[PDB]
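Chemist: From the sequence below, what's the structure:
(chains A, B and C)
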Amino acid sequence: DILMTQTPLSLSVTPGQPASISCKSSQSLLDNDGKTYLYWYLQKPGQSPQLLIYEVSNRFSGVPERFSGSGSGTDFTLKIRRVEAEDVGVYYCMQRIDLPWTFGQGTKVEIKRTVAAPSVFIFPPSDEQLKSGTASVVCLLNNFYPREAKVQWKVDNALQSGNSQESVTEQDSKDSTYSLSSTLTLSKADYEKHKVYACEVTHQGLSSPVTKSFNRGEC
Amino acid sequence: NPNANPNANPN
Amino acid sequence: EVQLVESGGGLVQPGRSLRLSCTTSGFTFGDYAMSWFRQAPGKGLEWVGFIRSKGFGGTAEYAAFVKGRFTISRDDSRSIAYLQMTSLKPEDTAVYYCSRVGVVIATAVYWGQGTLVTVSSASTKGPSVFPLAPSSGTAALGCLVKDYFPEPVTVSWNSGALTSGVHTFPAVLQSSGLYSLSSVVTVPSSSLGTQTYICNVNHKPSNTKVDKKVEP
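Modeler: Numbering: from 1, shown residues only, chains lettered A, B, ... in the order given. Dropping the coordinates below:
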């Protein structure tokens, strides 16, 4: 089976600056009929894949001219000359010369904007949820860049591990930021054995870490 | 490998 | 216009069978090869198989992980392509896509929207929805959508009238096997008690529709 190796696996592009993605195949994609069966796809977030380039260098109808492809044999390159917010998503190369048809692992492209610090909010568990026997504490990090952020839960000064989960949004097309939620889940019996609940946030846009706390049953 | 071609009979 | 619509997906018990359809319009269906692809949640694109036009023998080709178990068929009179899956395993969970393979461009050119197939022993379960109430320039509030199966859920705010500032997070799979997610919105401080905020949650696999008002 033909292995398709894409590099890099992720790219952060300053708007208006070029991007270039490499695809190397384990065998030649040049066939005896003279054609090179290498194709480039884009999958925008939440969307179906769409074709960009066919047979190395041919733009599919309606694809903007800032996309081009080149290469031969086993080494190929996709170039986006001036990246825009609508170009964000995952780019795949694909070969059809051999069975099975195979894809590269995908290269994720984001917009690289100026650093932006998160706004932090904390939410205690609702009395509706408490009646059910479980307590979820939610910490929200709103509109920040880059995506890397550290959220730490601290309950009566003790750091928490293994009882929280994080989710991150895709990059917002309006301001090129991310948001993140972190949820600490405890049984209500364990929740009622402590008082102070804090989430502490570290981020490149913060000169000092930011803590949001509440006391159980005091607001 | 002609079986990879979707637009020809591979026989 | 070229139109392709996948259907048939849903939750299925391991070991069982499921047949997906690709209903097409806008072209002479018989003249084209049709291809199936799949994408497991969070993962890359994978080719499943394709079936040639009857003009070239009408035979099909398959990826190694489905050979034997899956068969691709086509009904030229109805302009429909089929993917018949059998002996389904949990690792077959994916969005399955059908695509029209071009002639000049001999690859998958036009793709449908996909259909989610979930292969799991778990039962369907609707979600509980809890408020994330705002409290002490900009205020944040939201809804916590907890313990549902399978994917997906939809969340709107004020029946779609509130879109600026809304972030709906990807679902997380819990240690229990059930999913949860939150949806939040940042609103001006001036609009607390002035403007009412209601999150609309739909879980079609359960036929559950909950509209939760979030109060300060």
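
Chemist: What segments of chain A are helices?
Modeler: A:127-131, A:188-191 (DSSP state H).

Chemist: in the longest one, what's buried?
Modeler: Read that as helix A:127-131. A:129-130 (16 or more other Cβ atoms under 10 Å in any protein chain shown). Backbone N, C-alpha and C define where each C-beta goes, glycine included.

Chemist: Please apply the same query to stretch A:180-189.
Modeler: A:180-186.

Chemist: next one: stretch A:102-110
Modeler: So for stretch A:102-110, counting by 16+ other Cβ under 10 Å, buried means A:102-110.

Chemist: nearest to chain C, of the buried residues of stretch A:180-189?
Modeler: Taking Cβ to the nearest Cβ as the measure, chain C sits nearest to residue A:181 out of these, at 5.0 Å.

Chemist: do you know how far that closest one is from residue C:52?
Modeler: 47 Å (Cβ to Cβ, to the nearest Å).

Chemist: ditto for residue C:74
Modeler: 9 Å.

Chemist: Need the residues touching each of those two.
Modeler: Both residue C:74 and residue C:52 are contacted by residue C:58, under the criterion Cβ atoms under 8 Å, 6 or more residues apart in numbering or on different chains.

Chemist: Any idea which residue is closest to the centre of chain C?
Modeler: For chain C, residue C:116 is the residue whose C-alpha lies nearest the centre (Cα atoms, centre = their mean; 4.4 Å).

Chemist: Validate this expectation: it resides in a strand.
Modeler: Yes: with DSSP: H, G, I helix; E, B strand; the rest coil as the criterion, residue C:116 is located in a strand.

Chemist: Show me the beta-bridge partners of it.
Modeler: Using DSSP bridges, the bridge partners assigned to residue C:116 are residue C:95.

Chemist: again, but for residue C:198
Modeler: residue C:213.

Chemist: circling back: what is the nearest of the buried residues of stretch A:180-189 to chain B?
Modeler: residue A:180 (42.9 Å).

Chemist: For the residue nearest to the centre of chain C, which residues are in contact?
Modeler: Residue C:116 touches C:9-10, C:94-96, C:150-152, counting by Cβ under 8 Å, 6+ apart.

Chemist: Next, format those residues as JSON lines and append neighbour count.
Modeler: What follows is these, written out as JSON lines (neighbours: other Cβ atoms under 10 Å in any protein chain shown):
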{"residue": "C:9", "neighbour count": "17"}
{"residue": "C:10", "neighbour count": "14"}
{"residue": "C:94", "neighbour count": "21"}
{"residue": "C:95", "neighbour count": "18"}
{"residue": "C:96", "neighbour count": "24"}
{"residue": "C:150", "neighbour count": "23"}
{"residue": "C:151", "neighbour count": "17"}
{"residue": "C:152", "neighbour count": "15"}
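
Chemist: Out of those residues, which comes closest to chain B?
Modeler: Using Cβ to the nearest Cβ, the contacts of residue C:116 come closest to chain B at residue C:96, 18.0 Å.

Chemist: For residue 5, which non-adjacent residue is closest in space?
Modeler: Answering for chain A, as no chain was given. residue A:24 (4.7 Å; Cβ to Cβ, 6 or more residues apart in numbering or on different chains).

Chemist: that's the wrong chain, I wanted chain C
Modeler: Residue C:5's closest residue in space is residue C:23 (Cβ to Cβ, 6+ apart), at 4.8 Å.

Chemist: my guess is that neighbour contacts residue C:8, does it?
Modeler: No: using Cβ atoms under 8 Å, residue C:23 is not in contact with residue C:8, being 10.1 Å away.

Chemist: Would you check that residue C:6 makes contact with residue C:112?
Modeler: Yes: between residue C:6 and residue C:112 a contact is recorded at 4.6 Å, counting by Cβ under 8 Å.

Chemist: what sits in contact with each of those two?
Modeler: C:22, C:97-98.

Chemist: Could you tell me which of those count as buried?
Modeler: Going by neighbour count (16+ other Cβ under 10 Å), the shared contacts of residue C:6 and residue C:112 have C:22, C:97-98 buried.

Chemist: Which single one of those residues is nearest to chain A?
Modeler: Nearest to chain A among these, with distances taken as Cβ to the nearest Cβ, is residue C:97, at 6.4 Å.

Chemist: so what's that closest one up against?
Modeler: A:48-49, C:6, C:36-39, C:111-112, C:114.

Chemist: Next, count neighbours for the closest residue to chain C within chain B.
Modeler: Nearest to chain C in chain B, going by Cβ to the nearest Cβ, is residue B:6, at a distance of 3.8 Å. Counted with other Cβ atoms under 10 Å in any protein chain shown, residues neighbouring residue B:6 total 25.
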